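What follows is calculated from the coordinates using simple rules that are stated; it is not laboratory data. Cβ: placed from backbone, ideal geometry, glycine included. Neighbour counts: every protein chain shown.
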Amino acid sequence: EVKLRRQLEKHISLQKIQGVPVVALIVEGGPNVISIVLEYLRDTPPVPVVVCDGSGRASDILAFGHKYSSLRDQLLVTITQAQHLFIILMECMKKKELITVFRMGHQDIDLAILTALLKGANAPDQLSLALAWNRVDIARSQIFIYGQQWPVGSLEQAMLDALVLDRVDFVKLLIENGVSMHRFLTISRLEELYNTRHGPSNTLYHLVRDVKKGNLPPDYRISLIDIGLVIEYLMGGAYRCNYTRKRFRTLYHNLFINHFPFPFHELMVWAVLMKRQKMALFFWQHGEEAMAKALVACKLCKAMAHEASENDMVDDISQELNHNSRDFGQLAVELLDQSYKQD
Amino acid sequence: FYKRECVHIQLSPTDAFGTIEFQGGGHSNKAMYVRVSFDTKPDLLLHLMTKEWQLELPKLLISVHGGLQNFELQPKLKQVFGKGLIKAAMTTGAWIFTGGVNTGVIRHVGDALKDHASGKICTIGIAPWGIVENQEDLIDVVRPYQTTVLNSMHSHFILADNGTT
């Protein structure tokens, strides 16, 4: 039973993620708990353990950690029994650094767990784990420290992975940490962002299939000319798309310096296209000539809602129509009022 | 006119005299930038700050000196220090002379100013030309200067031609 549970847990932890972390919590307990601590440390290097205020075996391990490496007499009094306890206590004190310590500093249990996991895992890996957990606080307090190695080139990949997900606050943290979209964004990165199916579902594929009006491969790669065509369809008459232009077409043919002068505009367009409200609002906050793109977003969301209502679709259009375009319109109106007030 | 009037260094003529906007963080923080020589003409600097950059003479002037070493700042001390400095600068509408190098106490000062900015305090950052992260980047035109680099918060930057760093 116990052996089977331990074997199953160890096997599961080996599954690729990199590796799923494991943390053990102990609340007092008998000497079997101490032997289990020793066995867990021996079995795998990543076997962090957190001590609890509960009196018992946890108290003995906490005392051993505090003593680190009179005391022997006190341990014997607390405990042949003393020798048996010391046989495990020596290992516990020797490896006390790996084992986490809890007391009544580090009051927050969640913070203690996060710190213990970060220490045990042994910072691209720490940042990736924090992003996976969806906890900006731990990354800011723990993942971000002076003198961090931060290998060149991995941070951009992490930024792209975060953009794929809906971790808006993580994007804000990276931007405030010095991660600049101005140079990071590239044509291939934007194409991958558009084509990726990870994250919340979007109806762009339906629109593309409608626009081309021709047989298309299943899950065919979506290019920027196609998205430009879809933008033309939804926006309305005239207003030729910047993507469907001769100079951009020449650039696209040559590429397949590939960095857009106004990346915020394209990022806002992508976010609105894939139905991500918070990202759209943030990119509206930080971009330039905000009112124009706010009006564009209002128009485009209204067009999307109408198109969805026309054929098939679900009730989500009701959520969009008057609560996505409407919000952008109200924002534009407020900005106009403020500008008129100032001058 | 400044390039002909001011020569920055044996000896080298003119050079620099170009503002750079630090569009690295949330705030671009556009600022002036001029690289004067080790020898300075008080009239030249006074006219450039008052007239060329259109800055009114302040009723108060502050010169701040601190170590270049980077050390952690005490929380209790810093909490009062930043708030008091920001309040005094805003009330006086005064120029603040500080080191142009981000590293050191200046860093905390700039951060405190940033945390208390969002008054348009007209600071003045003076640092050696050699300490600049990318001296050649400045080369008068707007320069990106992506965020050792100088602090972005400080405005009306001046520098000295110290040659070797």
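Brief remarks on what is shown
- If you go through segment A:239-260 and pick out every residue that is touching a helix residue (DSSP H, G or I) at 6+ places or on another chain (Cβ under 9 Å) and surrounded by fewer than 19 Cβ atoms within 10 Å (Cβ to Cβ), you end up with 15.
- Answer residue from segment B:46-73, given it is exposed (fewer than 12 other Cβ atoms within 10 Å of the Cβ) and among the polar types (S, T, N, Q) and is farthest from residue B:100 (Cα to Cα) among those: B:54
- Residue within segment A:24-41 that is part of a loop (DSSP other than H, G, I, E, B), within 30 Å of the chain's Cα centre (by Cα) and either of a type outside the set (S, T, N, Q) or buried (at least 18 other Cβ atoms within 10 Å of the Cβ) (or both) present: yes
- Filter result for residue A:47 (crowded, with 19+ Cβ neighbours inside 10 Å, β-branched (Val, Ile, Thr) and not in a helix (DSSP H, G or I)): yes
Residues checked against (1) small (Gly, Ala, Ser); (2) under 30 Å from residue A:283 (Cβ atoms):
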position: B:10; (1), (2): no, no
position: B:21; (1), (2): no, yes
position: B:24; (1), (2): yes, yes
position: B:34; (1), (2): no, no
position: B:44; (1), (2): no, no
position: B:52; (1), (2): no, no
position: B:57; (1), (2): no, no
position: B:88; (1), (2): yes, no
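- Output for segment B:1-52, where each listed residue is farther than 15 Å from residue B:129 by Cβ and of a type in the set (S, T, N, Q): B:10, B:19, B:23, B:28, B:29, B:50
- Check on residue A:325, among the hydroxyl-bearing types (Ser, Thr, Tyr), surrounded by fewer than 19 Cβ atoms within 10 Å (Cβ to Cβ) and part of a helix (DSSP H, G or I): no
- Residue count for segment A:72-98 under the criterion of being surrounded by 11 or more Cβ atoms within 10 Å (Cβ to Cβ) and in a helix (DSSP H, G or I): the result is 17.
- Of residues in segment B:126-143 being surrounded by 16 or more Cβ atoms within 10 Å (Cβ to Cβ) and not in a strand (DSSP E or B), the one farthest from the other protein chains (Cβ to nearest Cβ): B:129
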